[PDB]
Structure formats: structure tokens, C-alpha cells
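The chain below stands alone, shown as C-alpha cells; this is the form deposited in one PDB entry.
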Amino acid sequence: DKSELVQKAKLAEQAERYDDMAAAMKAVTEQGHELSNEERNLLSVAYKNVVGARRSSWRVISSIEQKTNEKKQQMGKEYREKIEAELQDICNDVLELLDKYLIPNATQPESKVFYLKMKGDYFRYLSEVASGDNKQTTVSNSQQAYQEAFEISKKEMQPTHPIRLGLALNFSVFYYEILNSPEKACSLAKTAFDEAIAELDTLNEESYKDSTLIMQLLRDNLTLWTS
């Protein structure tokens, strides 16, 4: 029962068993229809946590490796590669759901932006640990997805919509952390932040909490990047 995968997910969330949560929402997604906004939020939180645990581990192992003997430095690399291969499996799973179910079934323009952003993200996460030819593919595919979302975001949503704001936040991180373009990063973020200030008026009760957090984050990032 779908309504039931869904409450397995909610339970797994509460218990902090994010791998269970993701596999449930993956099964819901494979049932082929458009996701409710609540199902879509659960899927996204599930996988953000599942991939973030691994990226965090990957970062820890990598920090240790620089900090450093050979037999040890080698097991550092082997353990990182075990983490890398889980990251690739997590992200491929999500990008396949995006490619086959969520982006094709995405009718409302705010859905297509959300999922194209999600594809930019998971291709960004692949890029953070990719090598050589495959890095260029991942980085290119992440920018394509972000940009396609960032053009629909301007034609269909206001500068205060939390999905438009989140896309600007994450695209700015892509420029800063993946393309290594601090200036393109800091401008994308400032613009989106100023554009939403100059129309704070517009924030429906329902959007207020989320959009303000994202603008706080956009400003926290800009503050940090001018340091």
C-alpha cells in the first residue's frame, strides 16, 4: 500500500533510519505517479540524509588523509573508495528516479524546477568525488540541470518562492565549490537575496518560514565567502 510505504517512511524518519526512509520513498516513486508535495518532501529529505552521511564520512576520511607512512595512507584511500562507491550508488539511484519518473511526470512548473534542482544537486555530489573524463560529464550535467531550472524559475515564480530561492542557494554553491567561481557564486547569491528583499511583500504565510531560512543561508554563505 502506497499510503503505507509513506508511513513506514515517516516512522523511519523519526527513528533516524534514513536508509529505510529512502528505500520506502523510492518504492512510492516507482509506483509511477506524480508525488504529492508531502511525498516529494519526504523523498528529498530521505535522500539528502542518505547521501549527506556518506559525503560527511568522505570528507572526514579525506581530511585524515592529508593530515597523514604508506601502509596507512593506502588504507585511507581504500576506505575512501568504499565510501565513494556508495555515494555513486546513492546518487545513481536518485538520478534514475529523476530521469524516469519524477521529471517526466512533472506537470506543474514548480515541480519541474524542484526535480531539475535535485538533478543538479546529485550530479554535483557525483562531481565532488569523480575523476577525469567522468568528472567533466558530471559537472556539465549538473550545470545543465541547474541552469534549466534557473530559467524556468525566472519565468514562472517570484524571487521569494522557497523553491526558487533554494535553487539559487544550491546553484551558487555549485559555482563556488564545483566550478571554483567565487565571483559567479557570490553574485548569483547576492542577486537572488536582493531580489527577494525588494519584494518581501510577496511572502504568503505558508512560504515565510522556509524562504527566510534560505535567505539567511544565502547571506551566511556570502558572509563566509568574503572572509
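The numbering used is simple: start at 1 and walk along the sequence shown. Note that the rigid core is defined as the largest set of C-alphas that superpose within 1.5 Å between two forms. Only residues modelled in both forms are compared.
Beyond the structure shown, there is the form deposited in another entry, which is absent from this document and is the topic of what follows.
*Asks:* For residue 204, does the CA position differ by 2 Å or more between the shown form and the other one when the superposition is done on the rigid core?
*Replies:* The answer is yes, as the C-alpha of residue 204 shifts between the shown form and the other one by 2 Å or more after core alignment.
*Asks:* Once the core is aligned, does residue 11 move its Cα by at least 2 Å between the shown form and the other one?
*Replies:* No; residue 11 is a residue whose C-alpha shifts by less than 2 Å between the shown form and the other one when the cores are overlaid.
*Asks:* Note yes or no: does the Cα of residue 24 move by 2 Å or more between the shown form and the other one after the core is superposed?
*Replies:* Comparing forms between the shown form and the other one, the residue 24 CA shifts below 2 Å.
*Asks:* Given a CA distance change of at least 3 Å, are residue 129 and residue 217 closer or farther in the other form?
*Replies:* Relative to this form, farther apart in the other form.
*Asks:* Fitted on the core, where are the consecutive stretches (at least 3 residues) whose C-alpha atoms all shift 2 Å or more between the shown form and the other one?
*Replies:* Run moving 2 Å or more: only 200-227.
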